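Next up: the same protein chain in two forms, each one alone, written as structure tokens (structure 1, then structure 2).
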Structure 1
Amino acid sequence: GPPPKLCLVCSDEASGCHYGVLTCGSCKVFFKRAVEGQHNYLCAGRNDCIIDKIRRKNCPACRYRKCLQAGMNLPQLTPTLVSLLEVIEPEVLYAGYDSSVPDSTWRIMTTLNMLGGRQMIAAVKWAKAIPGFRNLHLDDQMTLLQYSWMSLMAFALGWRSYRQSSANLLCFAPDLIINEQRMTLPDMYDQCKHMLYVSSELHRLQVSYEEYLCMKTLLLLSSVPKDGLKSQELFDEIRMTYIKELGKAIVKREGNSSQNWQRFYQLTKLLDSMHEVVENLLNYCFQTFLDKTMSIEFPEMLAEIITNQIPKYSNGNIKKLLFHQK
């Protein structure tokens, strides 16, 4: 008797070749229902759930994604670079926000700056753990963090907001969530909308965890001094490694020759728009820092980076790296 054919989606015995792909009966009708049904399936995990006979009812967002990766229409104890990135991912920090007291723009922005300072501290220890960062010069390491701190904070905040609040709210910390009430507070709305674009794009693109981990490391290596770095030769091969790393994460995710490129296009196109997001986020942050009348509190760590950055952008000595235009 012939060896049982397997479902390219849930690994249960396949009933035939349905919708172009060797699929089972349960997977076939799930796919016809997802297309015609008009659903905005959300993932409780990180867009990389395991789809098998036992867990196919588990996630319809990842099962409907796996039907498109297999092609429907109408060992592993060898660490990889991204397995290290996952393990060195900073923990969730709490804002220390006293919810038993009424909100205010000052108290909210001060708390988030004081929190952002601690997030920065972790972002330094994270950078040290990235393979090859401490191989570069100290003046380069200091520069890379100074230049890309806002890309790392708005990217990690955008992903936390995507995952935790369906991409509707900003999830700064478990205790300080900028809700619809807090967003319409004075001087809040416009800055929050920039952070929300990051979350809204990660939502539209259904970014997977491995893809996110690679895009984040690539964001640290996205802004360079106009003339270059002390160890620029090394910087280039390090950045090139994580572009190949991103491409590896896109191969698992898409499972198709032509899909692999259309995907790389969008993620790298988002990585480009991150320079415009950070351009706008820093314009308001710098204006607030210099605004003596607002008098919002910035921590000793963050204030130091802000002062040593304001005349570097206004100098043009910042070569923003692009994947698509230049």
Structure 2
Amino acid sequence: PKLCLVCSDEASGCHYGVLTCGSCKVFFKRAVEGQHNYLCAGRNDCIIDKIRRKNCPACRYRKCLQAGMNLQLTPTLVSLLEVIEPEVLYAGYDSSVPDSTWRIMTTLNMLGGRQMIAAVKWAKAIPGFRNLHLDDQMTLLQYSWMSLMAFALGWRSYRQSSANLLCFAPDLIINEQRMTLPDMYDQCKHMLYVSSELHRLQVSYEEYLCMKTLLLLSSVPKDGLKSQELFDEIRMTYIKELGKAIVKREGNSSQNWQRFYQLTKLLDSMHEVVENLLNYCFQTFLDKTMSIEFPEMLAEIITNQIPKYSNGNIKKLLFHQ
């Protein structure tokens, strides 16, 4: 992969004594033939890379000379997760009336409660989860609810735009400008981590479906589950299923391998993202001064959960360490 000694773009040959790409060859020929008394808007040391080579013609021409230039239906397990995926819910927000810190937080609580209605139904339809004991089912959803909603939020934001957004609902998107104000700043930094990594990794839909499942199976009781033997076969099967999705992408064994490493590191870092989103949810729930309203669906989970984090009764599962 010969690199252009001027802009690092894939070189096309040894042009004018220097290994350069097509563009730098013709730029150089033009910069000497034309009188071109090029000016630098900076400090005569602008970085010349493929994207910014258009930027400073004075530094690019300077760099050219410095280099040396001169003259069968059979349903798949993954396709079931795709079919069971719930449809995106609307926040019921009204952009018409002014924006408010109370209105936003409360609307998102109501949307999260409705989203928890589908989170339970979606879990029931997971091949293997319906086999688990009712209290293992009800507890796995309790331990990893914030994980599912934040990952799906990260996914919705990743799919919504390349911009730093938070896409809670199709009718409620908090642009970068709004989430940098102090009222949203610290909490949004954690909500944005997910979409930041989904973009970085270019996570596919089939990779996301397996990852979102592995998140439902990511937090168990510190004294283990009732249907624990069964749980370990379901979890192991979805780990294998994630690898199947990674294969459908590139096909190079080492590429596929590092992709698995990075995606499992992501599933792992989710415990830290949940850890910080729970901290602000518990602070706004227990604070009478706040007035932010939580729906009966979400409030029920929060009341059960706060004494579980205070008593260390959780065994966070990690692919690494």
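By rigid core we mean the largest C-alpha set that fits within 1.5 Å across both forms. By convention here, residues take numbers in order along the sequence of structure 1, the first being 1.
A 2 Å or larger CA shift between structures 1 and 2, after fitting on the rigid core, occurs at just one of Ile318, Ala303, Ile310, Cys17, namely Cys17. With the core held fixed, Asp48 shows a CA shift of 2 Å or greater between structures 1 and 2. Core-aligned CA deviation for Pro102 between structures 1 and 2: less than 2 Å. If you fit the rigid core between structures 1 and 2, you'll see the Cα of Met294 move by less than 2 angstroms. When the core is overlaid, the C-alpha of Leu185 ends up 4.5 Å from its other position between structures 1 and 2. Here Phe31 exhibits a Cα shift of 23.8 Å between structures 1 and 2, evaluated on the superposed rigid core. Fit the two forms on the rigid core and the C-alpha of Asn256 turns out 1.3 Å off between structures 1 and 2.
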